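S.K.: Structure for this input, please:
(one chain, ligands or ions: 1)
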Amino acid sequence: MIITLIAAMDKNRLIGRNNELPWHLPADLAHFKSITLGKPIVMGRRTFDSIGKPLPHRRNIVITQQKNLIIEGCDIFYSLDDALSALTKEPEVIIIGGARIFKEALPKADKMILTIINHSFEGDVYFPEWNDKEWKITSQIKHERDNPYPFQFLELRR
Ligand SMILES: NC(=O)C1=CN([C@@H]2O[C@H](COP(=O)(O)OP(=O)(O)OC[C@H]3O[C@@H](n4cnc5c(N)ncnc54)[C@H](OP(=O)(O)O)[C@@H]3O)[C@@H](O)[C@H]2O)C=CC1
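M.R.: Numbers count the residues shown, from 1 in each chain. Structure data below:
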């Protein structure tokens, strides 16, 4: 199993604000969709609520501690370990957030597909800091703007 973390962040690793995105970057949404199609996607309960409904054509997996919580079109697991344990036969598992899930997944992450925006936004939640010595850059594609801010597609392997 390859554990992959996919997230869009700014220059200071900001990811959210009032349970929403602080930006809208169409290029990232298409990138995200192609990368995640046909794979299991693991998310926190707040991140699901942020989306509002299951992402189509994908096995949506939601992590929560609420034991009686039912979510149509999603598989519920009561810890990240239980989810990963259930997805043992899967060749790849994609962790999509949020901040708490990323922090717990980071030490077990094999791969990271990060969108880094060249801008400084206002927000409250951040992507966890990773040790640059443990990760190597496998792909880096920078884009200028049209997507009103500059961004890059950074792919890291541990
Ligand atoms: N830029 C990007 O790519 C992304 C940005 N975001 C942003 O991040 C924010 C949401 O993230 P965040 O606020 O950190 O919330 P999370 O999405 O991390 O979800 C938190 C909730 O998930 C459950 N949970 C998390 N970890 C565990 C665990 N180890 N065991 C059991 N349950 C767990 C809990 O649910 P419960 O309370 O029900 O027990 C908890 O309250 C939003 O603003 C969103 O816009 C999110 C994803 C991607």
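S.K.: Just give the number of residues close to the residue in the chain positioned nearest to the ligand.
M.R.: Residue nearest to the ligand within the chain: residue 98 (2.0 Å; CB to the nearest ligand atom). C-beta: built from backbone N, CA, C; applies to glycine. As a burial measure, residue 98 scores 22 neighbours (other CB atoms under 10 Å).
S.K.: list the contacts for it?
M.R.: Taking CB atoms under 8 Å, 6 or more residues apart in numbering, we find residue 98 in contact with 15, 16, 43, 44, 46, 47, 50, 125.
S.K.: With residue 150 instead?
M.R.: Per CB under 8 Å, 6+ apart, neighbours of residue 150: 117, 118, 119, 142, 143, 144.
S.K.: Kindly report the same for residue 16.
M.R.: By CB under 8 Å, 6+ apart, the contact set of residue 16 is 22, 50, 98, 99, 123, 124, 125.
S.K.: sorry, back to before: quick one: which of the contacts of residue 150 has the most company?
M.R.: Busiest of those [other CB under 10 Å] is residue 117, holding 21 neighbours.
S.K.: My guess is it contacts residue 9. True?
M.R.: Yes. Judged on CB atoms under 8 Å, residue 117 makes contact with residue 9 at a distance of 7.0 Å.
S.K.: Quick one: distance of the longest helix along the chain to the chain centre.
M.R.: Longest helix of the chain, by residue count under DSSP state H: helix 26-36. From the chain centre to the centre of helix 26-36 is a distance of 11 Å (CA atoms, centre = their mean, to the nearest Å).
S.K.: which stretches of this structure form strands?
M.R.: In the chain, the segments counted as strands under DSSP state E are 2-10, 14-16, 40-44, 59-63, 74-77, 92-97, 111-117, 125-126, 136-143, 151-157.
S.K.: Partner strands of the shortest one, with direction?
M.R.: Note on strand 125-126: by DSSP bridges, its sheet partners are strand 14-16 (antiparallel).
S.K.: same question, the longest one
M.R.: The partner list of strand 2-10 in its sheet, established with DSSP bridges, is strand 92-97 (parallel), strand 111-117 (parallel).
S.K.: got the residues of the chain near the ligand?
M.R.: Counting by CB under 6 Å from any ligand atom, the residues of the chain lying close to the ligand are 7-8, 15-16, 19-21, 44-47, 50, 63-66, 79-80, 96-101, 104, 125.
S.K.: I'd like the strands of the chain as CSV, with distance to residue 32 appended.
M.R.: Formatted as CSV, the strands of the chain follow (distance: least, CB to CB, whole Å):
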stretch, distance to residue 32
strand 2-10, 7
strand 14-16, 13
strand 40-44, 10
strand 59-63, 14
strand 74-77, 18
strand 92-97, 8
strand 111-117, 8
strand 125-126, 18
strand 136-143, 14
strand 151-157, 10
